[PDB]
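Below are the chains, spelled out letter by letter.
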Amino acid sequence: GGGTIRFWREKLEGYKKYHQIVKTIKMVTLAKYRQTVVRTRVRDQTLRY
Amino acid sequence: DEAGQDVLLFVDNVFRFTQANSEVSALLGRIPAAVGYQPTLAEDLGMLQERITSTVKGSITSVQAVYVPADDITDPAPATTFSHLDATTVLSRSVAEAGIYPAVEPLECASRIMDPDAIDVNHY
């Protein structure tokens, strides 16, 4: 059964790639969240009237 | 040697030659290897392969096929065959299922003559 181990290794390496992919989405998200949180400190004033 | 001509040698295929001795080795009394191959694999393979080599008198342009059972390159039978070759063309089930032929994986294969001195620089 030399195939089952290759199937499970391949699924493992696929998830290992998918991990760094989702980590890259995460860091790219925080790069724009840090940019956009500044609105929170300057929030809730433009429709006071 | 005698005629001095150039020669081609198409072999289909080496793996059957390997397993041919594998079916007998257990019966000879020879203890088998890990996967169930003979222990004399690399020696018999080399004593077959080394005869295939260019000489001063002539030249043998050999071509060899191999059976990779289960598409497992880690099978010791193809694995021992790497060293006795100059151009390790590799084919894969994946590329063929996409409807492409010749089902070559250019990354998992490579040649020996891929140098700038042996061939054109542009090709390199």
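Residues numbered from 1 in each chain as written, not as in the entry; some residues may be left out. Chains lettered and ligands numbered in written order. Part of a larger assembly, values for the part shown. Heavy atoms only, no water.

- Per the deposited record, determination of this structure is attributed to cryo-EM, with the resolution reported as 3.92 Å.

**Remarks on the pattern of salt bridges**
- Per the counting criterion, the structure on display carries four salt bridges over all chains.
- We note a salt bridge from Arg43(A) to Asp44(A), for which the minimum N-O separation is 3.2 Å.
- One connected set of salt bridges, linked through shared partners, spans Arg6(A), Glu10(A) and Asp72(B). (Salt bridge = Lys/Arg side-chain N within 4 Å of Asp/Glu carboxyl O.)

**As for the packing of aromatic side chains**
- The full count for this structure, using the stated rule, is three aromatic pairs over all chains.
- With 4.9 Å between their ring centres and 50° between their planes, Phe7(A) and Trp8(A) make a pair best called tilted.
- Judged by its relative accessible area of 52%, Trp8(A) is exposed.
- Between the aromatic rings of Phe15(B) and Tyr37(B), the centroid separation amounts to 6.4 Å while the plane-to-plane angle is 80°, which identifies the pairing as edge-to-face. With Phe15(B) in helix α1 (residues 14-28) and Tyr37(B) in the loop between α1 and α2 (41-49), this residue pair connects regions lying 22 residues apart in the sequence.
- Classification of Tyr37(B) as buried rests on a relative accessible area of 10%.
- In this structure an aromatic cluster arises from ring pairing among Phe15(B), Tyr37(B) and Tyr67(B).
- Taking NZ or CZ as reference, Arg16(B) lies 5.3 Å from the ring centre of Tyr67(B), over its face. (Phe/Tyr/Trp six-rings, centres within 6.5 Å; stacked < 30°, edge-to-face > 60°. Buried < 20%, exposed > 50% of the residue type's maximum accessible area, 1.4 Å probe, protein only. Helix = DSSP H or I, 4+ residues; strand = E, 2+ residues; numbered from the N terminus. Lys NZ or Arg CZ within 6 Å of the ring centre and 35° of its normal.)

**Concerning the environment of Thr80(B)**
All names here are of chain B.
- Mapped onto the secondary structure, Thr80 falls in helix α3 (residues 76-81).
- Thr80 sits 38 residues away from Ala42 along the chain, and the two C-alpha atoms are 6.3 Å apart.
- Each residue touching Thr80, except ones within four places of it in the same chain, is listed here: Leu41, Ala42 and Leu45. (Contact = heavy atoms within 4.5 Å.)

**Considering the pairing of strand β1 (residues 6-11) of chain B**
Residue and element names in this part refer to chain B.
- Counted residue by residue, β1 has zero buried out of six residues, so it is predominantly exposed.
- Where β1 lies against strand β2 (residues 59-64), six bridges are found, and the strand directions are parallel. Residue pairing across strands places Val7 opposite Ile60, the latter belonging to β2. (Pairing = 2+ DSSP bridges.)

**Re α1(B)**
All names here are of chain B.
- Taking 1.5 Å per residue, 15 residues should reach 21 Å; α1 reaches 21 Å between its end C-alpha atoms and fits that length.
- Buried residues of α1: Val14, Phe15, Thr18, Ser22 and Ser25, and no others. Buried residues of α1 fall within an arc of 90° about the axis and therefore sit on the same side. Residues of α1 that are exposed and point more than 90 degrees away from the buried face comprise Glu23, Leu27 and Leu28.
- On its buried side, α1 packs onto β1, α2, β2 and α3. (Expected span 1.5 Å × (residues − 1). Arc of directions from axis to C-beta.)

**Side note on a nonpolar patch on the surface**
All names here are of chain A.
- A grouping of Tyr18, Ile21, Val22 and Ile25 is seen on the molecular surface, where their side chains present a nonpolar patch of about 410 Å² in accessible area.
- Of note, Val22 is situated in helix α1 (residues 2-36).
- The exposure class assigned to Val22 is partly exposed, which follows from its relative accessible area of 40%. (Patch = residues over 30% accessible without salt bridge, like charges linked within 9 Å, V, L, I, M, F, W, Y side chains within 5 Å. Areas by Shrake-Rupley, 256 points an atom, 1.4 Å probe, with all protein chains shown as cover.)

**Remarks on the layout of surface pockets**
Residues and elements named next belong to chain B.
- Considering only enclosed or pocket space, the largest pocket measures out at about 1600 Å³ in volume.
- Lining the largest pocket are 43 residues, and of these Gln64, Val66, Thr88, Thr89 and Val90 sit closest to its centre.
- With six residues, β2 is the largest single contributor of residues to the lining of the largest pocket.
- Looking at side-chain class alone, the lining of the largest pocket contains 18 nonpolar, 15 polar and 10 charged residues. (1 Å grid on protein atoms, 1.4 Å probe; cavity = no way out; pocket = protein on both sides within 12 Å on 5 of 7 lines; lining within 4 Å. Points joined across faces, edges and corners; volume = space filled by probe spheres on them. Nonpolar A, V, L, I, M, F, W, Y, C, P; charged D, E, K, R; others polar.)

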